[PDB]
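A.B. asks: Residue numbers (the entry's author numbering), protein chains in the order written: chain i, 4 to 53; chain k, 245 to 325; chain N, 28 to 128; chain G, 35 to 242; chain g, 52 to 397.
The beta carbon of each residue, even a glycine, is placed where N, CA and C say it ideally should be.
Take a look at the following structure, please.
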RNA sequence: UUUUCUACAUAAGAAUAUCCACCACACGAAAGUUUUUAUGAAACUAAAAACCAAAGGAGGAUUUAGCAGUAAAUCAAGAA
Ligand SMILES: Nc1nc2c(ncn2[C@@H]2O[C@H](COP(=O)(O)OP(=O)(O)O)[C@@H](O)[C@H]2O)c(=O)[nH]1
Ligand SMILES: [Mg+2]
Ligand SMILES: [Mg+2]
Ligand SMILES: [Mg+2]
Ligand SMILES: [Mg+2]
Ligand SMILES: [Mg+2]
Ligand SMILES: [Mg+2]
Ligand SMILES: [Mg+2]
Ligand SMILES: [Mg+2]
């Protein structure tokens, strides 16, 4: 592992628009969480019954 | 930049370069030839055969040809015919 | 009329769960974060604990929409096995054939 | 059984095919064979035309395989043939010229011999009469007897070893002792024979 | 096939023999186990000579001891015969009365060590007494004459109550490292560095043979009680042994070998030097002579069969036909290690 | 012991129930105690490590299944 490697990583991610600064496996769930459609909102759920 | 980061094996500042340098150091010290230049050494056709052979061995990888080039270059380099 | 009372109950839990969806989402975000202070997270904890729990997602139960049966439903048709088979065997379900191989 | 009764067995021996010209009824027979447009089975993967194939060794190989391991059984057998081989070389070089003429160095001949010698002549079947089961003397067909020998060798060198002892070794010992008839396997064959001799009267009971 | 001693060119694919005392003398260390079987079976130690063995030996004939240490490499497919083509060299130049430093499998160092001892004398290096002691005990019987001759110029401390001061024969050092086993490794490294120091003199003609060099820079199985894996760096034995391949010195010759069989973390099929050694290995290994080792050619093959028939080791009836030859040829792809096994049960 | 481990795909290296005071180890912990993590509003749920290592040493009467790519062993996927 190098610093050049690290800076390239940062560069790439901040380019493609993914996570910027180093973050826990835990906290990433927040990203995943807004990045989705919350389960209760899915048309396949709330509109279940005619 | 780190030199392990590269996509090529550049002969410049290589470890193979240092190793040959020491090799020809001991080769001159054994032959009682007092001529010492990194210029003189690095210039020779032999060190060039090794440039090409090791650059091709790192970048192309393991091959029959490539080790025949390694064979010949180290052959002439170490005086084995 | 929905076919059962159980259905009414779960219809309502669907409507609830659509209602509060974003409160839930937003609050839970802080709650699931290791970056924030714990202090925030305790209060937020009390906050999702606050909102009506008939409005929580896991309290929802897929049923057979026609027949109301709580288990045996096939997700794709939202039907109980009995009803599904019943349809598929008059041939009223498209593209479903009795499988041989 | 994905073969209908229409599919007859392959005959895999090459010596048969290369040299037909001196045999009339067999010429007639294999003519009938392929001319019949006979659907014939894809030859098995275990059966090969290898000059080195001994069917007896194959059977004994199989009967040693637990689960689906051909690899492992093959290896254990290989190591047994090997083990006997080297053990007999060791007996050879440490011996006197006379015994050098005596000793069998072929692990294969040693194997066919140690099995010929372990096979029982008669065996028992239970007969129900008047409420009691009598064990009665039955003459046996060869293949059943072969099976009994092999089964016995395998069961014997499976069961009674001390756990630090590998299979191929013990198996080799039992093979070489059964060669000289002094081995436990033959004790078993003999207890068969004795049990048959004690019950010989009851050989009336058997009706077939 | 006819022979006298190791070095002859026209004798390619002929049977060289050695004695049992020659064998206990030259290989106190391991001989390849399959071949130890061959020998204990046939009462006769027998071998054939190959084109790479010839090549290597002729390079060893032209050697200049004024020149820096020269590296050689034997590479090839699994069971392709590259460890015995090391021993050819071994007993040749041991009959030429040289110093023979032979490590049969480096891999036994890197893997399966019951006792990992911690030594901070060397700043976090681990010593492996089990291996050290065995290696020394073989090395004793290896070269006896040379052991009383070598006079080490150093001061060395085994214990607070134990020391040896300069002017001592080397055999003393060795056997004193064997007697007290806990420090055996330290004594191994010491013997090593002083061996390389004394190689400057004309008394030392050093053949350093390490089979399974890949072990040196490879990734290691052994682990600390924290479950943390330990580098090849962290091993006293290895750290000291890399120093012996370094080409810094005169009078020596290093023949090396890249194994697949004993290795760790490498795939089964990789016989190529750069793979087995990897970047660190290849790089730290400097120009060397890459000697390919391959299958028996037809002549060597019918030679091997000749030899096996000669010993009546083929006990199958039909083994004598051209049929048997074609079978064993096709099943083995005429590979030395494969044919060995095909004959064992035949 | 046709076993167990690591490498690894199917040629390897080591371990191997008794020495003996091992600084216990051979198989066998799926069970428990602890810590995490997954889910979830709610852990009582699942998984993973660390520890611990027990009964078990091939099982009475009697019984189940299988006729070939089957039995047996091994691996992976889906439904909810
Ligand atoms: N006759 C003969 N046999 C050899 C020779 N080299 C190796 N062998 C045999 O072939 C087998 C394979 O050799 P080995 O060097 O151990 O192969 P490796 O596993 O790739 O290192 C060994 O068991 C030897 O007994 C040789 O030069 N002559
Ligand atoms: Mg539910
Ligand atoms: Mg080898
Ligand atoms: Mg093994
Ligand atoms: Mg558990
Ligand atoms: Mg325990
Ligand atoms: Mg017990
Ligand atoms: Mg029954
Ligand atoms: Mg689902």
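Using only CA atoms, which one of G:182, G:112 and G:64 lies nearest to residue 142 (chain G)?
C.D. replies: Here residue 142 (chain G) is taken as the residue at index 108 of the fourth chain, counted from 1. Comparing Cα-Cα distances from residue 142 (chain G) to each of G:182, G:112 and G:64, the minimum goes to G:112.
A.B. asks: Taking the straight line between their C-alpha atoms, what separation do you get for residue 268 (chain g) and residue 335 (chain g)?
C.D. replies: Sequence index remark: in the fifth chain, residue 268 (chain g) carries index 217 (1-based). Sequence index remark: in the fifth chain, residue 335 (chain g) carries index 284 (1-based). One C-alpha to the other measures close to 9 Å.
A.B. asks: Give, in chain order, every residue of the stretch 308–319 of chain k whose Cβ lies closer than 7 Å to some Cβ of chain g.
C.D. replies: Here the close residues are 311, 314, 315 and 318.
A.B. asks: If we cut at 8 Å on Cβ distances, does residue 30 (chain i) have a partner in chain N?
C.D. replies: Position 27 of the first chain holds residue 30 (chain i). Chain N, which has a Cβ nearer than 8 Å to the Cβ of residue 30 (chain i), makes this yes.
A.B. asks: Is there at least one non-hydrogen atom of ligand 1 closer than 7 Å to the beta-carbon of residue 86 (chain g)?
C.D. replies: As a position in the fifth chain, residue 86 (chain g) is number 35, starting the count at 1. Yes, ligand 1 has a heavy atom inside 7 Å of this Cβ.
A.B. asks: Beta-carbon of residue 54 (chain N) versus every beta-carbon of chain i: anything under 8 Å?
C.D. replies: Within the third chain, the letter at position 27 stands for residue 54 (chain N). No - not a single Cβ of chain i is within 8 Å of the one on residue 54 (chain N).
A.B. asks: Any heavy atom of ligand 9 closer than 7 Å to the beta-carbon of residue 275 (chain g)?
C.D. replies: Translated into positions along the fifth chain, residue 275 (chain g) becomes position 224. No.
A.B. asks: Measuring straight from C-alpha to C-alpha, what distance separates residue 253 (chain g) and residue 306 (chain g)?
C.D. replies: Translated into the one-based positions of the fifth chain, residue 253 (chain g) becomes position 202. Translated into the one-based positions of the fifth chain, residue 306 (chain g) becomes position 255. So the two alpha carbons sit approximately 20 Å from each other.
A.B. asks: Just verifying my parser: in three-state terms, what is the DSSP assignment at residue 45 (chain i)?
C.D. replies: For the purposes of this step, residue 45 (chain i) is identified with residue 42 of the first chain, where counting begins at 1. Here residue 45 (chain i) sits in coil by DSSP.
A.B. asks: Decide if residue 133 (chain g) is buried, meaning its Cβ has at least 16 other Cβ atoms within 10 Å, or exposed.
C.D. replies: Stepping through the fifth chain from its first residue, residue 133 (chain g) is reached at position 82. Per the 10 Å Cβ criterion, buried.
A.B. asks: Shortest alpha-carbon distance to residue 91 (chain g) belongs to which of G:150, G:124, G:167 and G:229?
C.D. replies: Walking along the fifth chain from the start, residue 91 (chain g) turns up at place 40. Per the Cα distances, G:124.
A.B. asks: Please determine, among G:35, G:228, G:186 and G:46, the residue with the shortest C-alpha to C-alpha distance to residue 171 (chain G).
C.D. replies: As a first step, residue 171 (chain G) must be located in the fourth chain, where it is residue number 137. Answer by Cα proximity: G:228.
A.B. asks: Go through its chain and collect everything with a Cβ distance to residue 163 (chain G)'s Cβ below 7 Å, but skip five positions before and after it.
C.D. replies: As a working mapping, residue 163 (chain G) is identified with position 129 in the fourth chain. These residues qualify, in order along the chain: 239.
A.B. asks: Which residues in the same chain as residue 387 (chain g) place their Cβ atom closer than 7 Å to its Cβ, once the five residues preceding and following it in sequence are excluded?
C.D. replies: Along the fifth chain, one-based indexing puts residue 387 (chain g) at 336. Excluding positions up to five away in sequence, the list reads 130, 131, 132 and 347.
A.B. asks: Shorter than 7 Å, the distance from the beta carbon of residue 383 (chain g) to the closest heavy atom of ligand 1, or not?
C.D. replies: Working through the fifth chain from its first residue, we reach residue 383 (chain g) at position 332. No, the beta carbon of residue 383 (chain g) sits no closer than 7 Å to any heavy atom of ligand 1.
A.B. asks: Could you check the C-alpha separation between residue 164 (chain g) and residue 223 (chain g) for me, to the nearest Å?
C.D. replies: Here the question's residue 164 (chain g) lines up with position 113 in the fifth chain. Here the question's residue 223 (chain g) lines up with position 172 in the fifth chain. Rounded to the nearest angstrom, the two C-alpha atoms are 27 Å apart.
A.B. asks: Taking only beta-carbon atoms, is residue 7 (chain i) less than 8 Å away from chain k?
C.D. replies: As a working note, residue 7 (chain i) is residue 4 in the first chain. Yes, residue 7 (chain i) counts as interfacial toward chain k.
A.B. asks: Let me confirm a value: residue 28 (chain N) is counted as buried when at least 16 other C-beta atoms fall within 10 Å, else exposed. Which label applies?
C.D. replies: Within the third chain, numbered from 1, the residue matching residue 28 (chain N) stands at position 1. That one is exposed.
A.B. asks: Quick one: is residue 118 (chain g) near chain k, going by C-beta distance under 8 Å?
C.D. replies: Counted from its first residue, the fifth chain places residue 118 (chain g) at position 67. True, the Cβ-Cβ gap to chain k drops below 8 Å.
A.B. asks: So that I know if they touch, is there some Cβ in chain k lying closer than 8 Å to that of residue 121 (chain g)?
C.D. replies: The count along the fifth chain starts at 1 and reaches residue 121 (chain g) at position 70. It does: the Cβ of residue 121 (chain g) has a partner Cβ on chain k nearer than 8 Å.
A.B. asks: With a threshold of 8 Å on Cβ separation, who are the neighbours of residue 337 (chain g) within its own chain once the five nearest residues in sequence on each side are excluded?
C.D. replies: Translated into the one-based positions of the fifth chain, residue 337 (chain g) becomes position 286. Closer than 8 Å at the Cβ level, and outside the excluded window around residue 337 (chain g), lie 122 and 298.
A.B. asks: Could one say the Cβ of residue 248 (chain k) lies closer than 8 Å to chain i's Cβ atoms, at least one of them?
C.D. replies: The residue given as residue 248 (chain k) occupies position 4 in the second chain. Chain i contact via Cβ: present.
A.B. asks: Measuring only from the beta carbon, is residue 162 (chain g) closer than 7 Å to any heavy atom that is part of ligand 3?
C.D. replies: Against the fifth chain, residue 162 (chain g) aligns to sequence position 111. No - ligand 3 has no heavy atom lying nearer than 7 Å to the Cβ of residue 162 (chain g).
A.B. asks: Taking all protein chains shown into account, do 16 or more other C-beta atoms lie within 10 angstroms of the C-beta of residue 80 (chain g), making it buried, or fewer, making it exposed?
C.D. replies: Counted from its first residue, the fifth chain places residue 80 (chain g) at position 29. It counts as buried.
A.B. asks: Does the Cβ-Cβ distance between residue 38 (chain N) and residue 95 (chain N) come in under 8 Å?
C.D. replies: Reading the third chain from its first residue, position 11 is the one you call residue 38 (chain N). Reading the third chain from its first residue, position 68 is the one you call residue 95 (chain N). Cβ atoms of residue 38 (chain N) and residue 95 (chain N): not closer than 8 Å.
A.B. asks: Per DSSP, what kind of secondary structure is residue 206 (chain g) in: helix, strand or coil?
C.D. replies: As a first step, residue 206 (chain g) must be located in the fifth chain, where it is residue number 155. Residue state, collapsed to three classes: strand.
A.B. asks: Quick one: does residue 396 (chain g) have its CB under 8 Å from some CB of chain G?
C.D. replies: Mapped onto the fifth chain, residue 396 (chain g) falls at position 345. Output row for residue 396 (chain g): interface = yes.
A.B. asks: Report yes if the C-beta distance between residue 257 (chain g) and residue 152 (chain g) is below 8 Å; otherwise report no.
C.D. replies: Numbered from 1 along the fifth chain, position 206 holds the residue referred to as residue 257 (chain g). Numbered from 1 along the fifth chain, position 101 holds the residue referred to as residue 152 (chain g). Contact flag set, yes.
A.B. asks: Which runs of the alpha helix (DSSP H), 4 residues or longer, sit entirely within the stretch 163–221 of chain g?
C.D. replies: Here the runs fully enclosed are 180–193 and 196–200.
A.B. asks: Give the list of continuous alpha helix (DSSP H) stretches no shorter than 4 residues that lie fully inside the stretch 59–85 of chain N.
C.D. replies: Counting only runs of 4 or more, we get 65–77.
A.B. asks: Provide the residue span of the beta strand (DSSP E) that contains residue 163 (chain G), from first to last.
C.D. replies: Indexing the fourth chain from 1 puts residue 163 (chain G) at position 129. Note, residue 163 (chain G): beta strand (DSSP E), 156–163.
A.B. asks: Check whether chain G comes within 8 Å of residue 367 (chain g), counting only Cβ atoms and requiring the distance to be less than that.
C.D. replies: Sequence index remark: in the fifth chain, residue 367 (chain g) carries index 316 (1-based). Yes, residue 367 (chain g) lies at the interface with chain G (some Cβ there is under 8 Å from its Cβ).
A.B. asks: List the endpoints of the continuous beta strand (DSSP E) containing residue 126 (chain g).
C.D. replies: For the purposes of this step, residue 126 (chain g) is taken as residue 75 along the fifth chain, with counting starting at 1. Start and end: 121–126.
A.B. asks: By the criterion of Cβ-Cβ separation under 9 Å, what are the contact partners of residue 76 (chain N) in chain i?
C.D. replies: Here the question's residue 76 (chain N) lines up with position 49 in the third chain. Those do not exist, as residue 76 (chain N) stays about 17 Å from chain i at its closest Cβ, beyond 9 Å.
A.B. asks: Only counting runs of 4 or more residues, tell me where the alpha helix (DSSP H) segments fall wholly within the stretch 321–371 of chain g, in order along the chain.
C.D. replies: Within the stretch 321–371 of chain g, the complete alpha helix (DSSP H) runs of at least 4 residues are 324–336 and 349–361.
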